[PDB]
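The chains referred to below are lettered A, B, ... by the order of the sequence lines, with proteins before strands, and numbering in each begins at 1. Side chains are part of it too, since the values below use all heavy atoms of this structure and drop only hydrogens, waters and symmetry mates.
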Amino acid sequence: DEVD
Amino acid sequence: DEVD
Amino acid sequence: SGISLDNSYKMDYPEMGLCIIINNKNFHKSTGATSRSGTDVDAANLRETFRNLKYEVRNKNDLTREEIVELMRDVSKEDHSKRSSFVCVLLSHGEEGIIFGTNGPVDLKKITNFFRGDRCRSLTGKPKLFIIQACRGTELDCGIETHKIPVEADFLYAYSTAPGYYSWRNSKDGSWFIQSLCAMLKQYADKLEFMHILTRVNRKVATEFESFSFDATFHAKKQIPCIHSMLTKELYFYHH
Amino acid sequence: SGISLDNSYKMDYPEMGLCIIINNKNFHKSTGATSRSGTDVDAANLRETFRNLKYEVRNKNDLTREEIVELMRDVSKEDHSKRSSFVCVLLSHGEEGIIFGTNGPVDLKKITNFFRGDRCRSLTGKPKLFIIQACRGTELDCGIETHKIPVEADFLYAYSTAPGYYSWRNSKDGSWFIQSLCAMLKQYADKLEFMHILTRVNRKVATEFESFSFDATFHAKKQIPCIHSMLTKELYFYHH
Ligand SMILES: [Cl-]
Ligand SMILES: [Cl-]
């Protein structure tokens, strides 16, 4: 999981 | 007619 | 029993819920905010409309920003266990992200935060509707000739106007948006899902209203409301 | 003929319309923006999904901000007379009101303004859908355990996340929002109105996803998408  |  | 679906909010609790109407017409002189002629027409229309939907309507007039925050805090601390939903209508001056108390602005986020899924536990999982007649800026539309859940889930913001834009109010008839919202609720609340009702409101405002002003800057302007939905289910005001 | 209703957009033009997919994965080193692992999964899913809806899909990869503006301008100058609708999907880094080109930010309003009712006349009165997987800020959701028309009318912004919040992307599976959107379109596009499809997307994202991170700050977080509708009619991807 990564944030944009 | 008036604006809020 | 047989096959069950859960695509729509449970709306058959003992009570539909509260409808809090904050009607700010008269503002402290020092704010420089004009009186909002026509807003009493809106407030009365809303009271009747939500009465017929079986909401417990509480009308509040001319609240300071401190009074708005206290009211919202107190309402959020009530036990809503037996209530299906929550509705708050804000009628006032505004800017983007901001609603005016009689003595100055309040952040909308401050008001709505009281009802977050983690902060109002008896409304967790229930629809929380904020209906807002207020400006969102100063743009004018010239028109064209033709297992956890998020704490922000289950909110819906029914904004009278597009982000960045003025919102229009007629001093005799009430605001374009609230006029149209009440009419569409009256006609369709026993037959359409809420987003589809609000879409009819969008069309009504967009097509049936245009400003008239002696000031060319403000004349012949248009408005489109904006539905901001973070709901997770369909919402019908009727049940069974 | 008999009684006619006009509550839904005409979607039986010769063509459904364009679906422009802007897939920004690799960013110029000087921006300091990370590569968006998983976005190719999104772009491929979207291509297939909108292909099955009979859109003319154009995929674009790794565009600069100048290239995005030029592409949008050029597309808005096409003759859309025979097309029912317009769809643009933006996959990138972002902030509130902002989408990243590979070399820096573009105002979302600059992109969408090309398609205003007064500026793209062959799309006037037709739905213009902007689907946006990008951050809208840096907030994290901790969750809780359970006759003219406006120039801004007929736009819909399907945002992956609530205003002010990060948006989540899995490097293997794609983004939570685009994953869910494609799945719900696949399952329901031949049977539900679009707002109801997007509501199912809201529920899917809200209930079925939660972040996993070795960093406690970013761990166990939730997301709710936000539907921003300025549409004036119901939208069904099927007709007849
Ligand atoms: Cl009045
Ligand atoms: Cl990828």
For the backbone of [Y] and the side chain of [X], can you confirm whether one donor and one acceptor N or O come within less than 3.5 Å of each other?
| X | Y | answer |
| --- | --- | --- |
| D/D42 | D/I178 | no |
| C/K222 | D/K148 | yes |
| D/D107 | D/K109 | no |
| D/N170 | D/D173 | yes |

Legend entry - Within residues 120-130 of chain C, residues adjacent to chain D where the heavy-atom gap is under 4.5 Å: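 Residues C/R121, C/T124 are the ones that qualify, each having a heavy atom under 4.5 Å from chain D.
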Legend entry - Residues of residues 156-167 of chain C contacting chain D, heavy-atom criterion under 4.5 Å, by residue number: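 Within residues 156-167 of chain C, the residues under 4.5 Å from chain D are C/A162, C/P163, C/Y165.
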Inset, instruction - Name, in order of residue number, those residues of residues 75-101 of chain D that have a heavy atom at a distance of less than 4.5 Å from a heavy atom in chain C; otherwise write 'none'. - result: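 So far as heavy atoms go, nothing in residues 75-101 of chain D approaches chain C to under 4.5 Å.
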Below 4.5 Å from any heavy atom of chain C, which atoms of [X] appear? Answer side chain, backbone, both or neither.
| X | result |
| --- | --- |
| D/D154 | neither |
| D/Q223 | backbone |
| D/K233 | both |
| D/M230 | both |

Inset, instruction - Compare every heavy atom of D/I144 with every heavy atom of C/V151, then report the nearest pair and how far apart it is. - result: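 It is CG1-N, 4.2 Å.
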Legend entry - Least distance between heavy atoms, C/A189 atom then C/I197 atom: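 So the two residues come closest at CA-CD1, 3.8 Å.
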Legend entry - Within 6.0 Å of NZ in D/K186, more than 12 heavy atoms from elsewhere: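 Open.
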Inset, instruction - Check the pair C/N45, C/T49 against side-chain contact (heavy atoms from CB on, under 4.5 Å), reporting the backbone distance first and the verdict last. - result: CA-CA 6 Å; C/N45 202 348; C/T49 296; 3.4 Å; yes
Inset, instruction - Only counting residues at least two apart or in another chain, list the ones meeting side-chain contact (heavy atoms from CB on, under 4.5 Å) with C/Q187. - result: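 In terms of side-chain contact (heavy atoms from CB on, under 4.5 Å), with neighbours along the sequence ignored, C/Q187 is linked to C/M184.
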Legend entry - Region of C/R116 that comes under 4.5 Å of a non-hydrogen atom in chain D: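 Just its side chain gets close to chain D.
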Legend entry - Derivation and outcome, side-chain contact (heavy atoms from CB on, under 4.5 Å), residues D/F194 and D/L185: CA-CA 9 Å; D/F194 191 38; D/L185 280 170; 4.3 Å; yes
Inset, instruction - Carefully, step by step, assess D/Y238 and D/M11 under the rule side-chain contact (heavy atoms from CB on, under 4.5 Å). - result: CA-CA 7 Å; D/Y238 63 90; D/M11 292 301 289; over 6 Å; no
Inset, instruction - Please work out whether the ring planes of D/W176 and D/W168 are parallel, tilted or perpendicular, with thresholds of 30° and 60°. - result: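 Parallel.
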Inset, instruction - Return the option, out of D/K221, D/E193, D/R119, with the maximum number of heavy-atom pairs under 4.5 Å with chain C. - result: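 Looking at each option in turn, the highest pair count goes to D/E193.
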Inset, instruction - With a 4.5 Å cut-off on heavy-atom pairs, point out which of D/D118, D/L198, D/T232 contacts chain C the most. - result: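 Option with the top pair count is D/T232.
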Legend entry - Derivation and outcome, side-chain contact (heavy atoms from CB on, under 4.5 Å), residues D/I131 and D/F177: CA-CA 10 Å; D/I131 299 164; D/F177 179 63; 3.8 Å; yes
Legend entry - Check ion pair D/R203-C/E234 (N to O, under 4.0 angstrom):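 Salt bridge: no.
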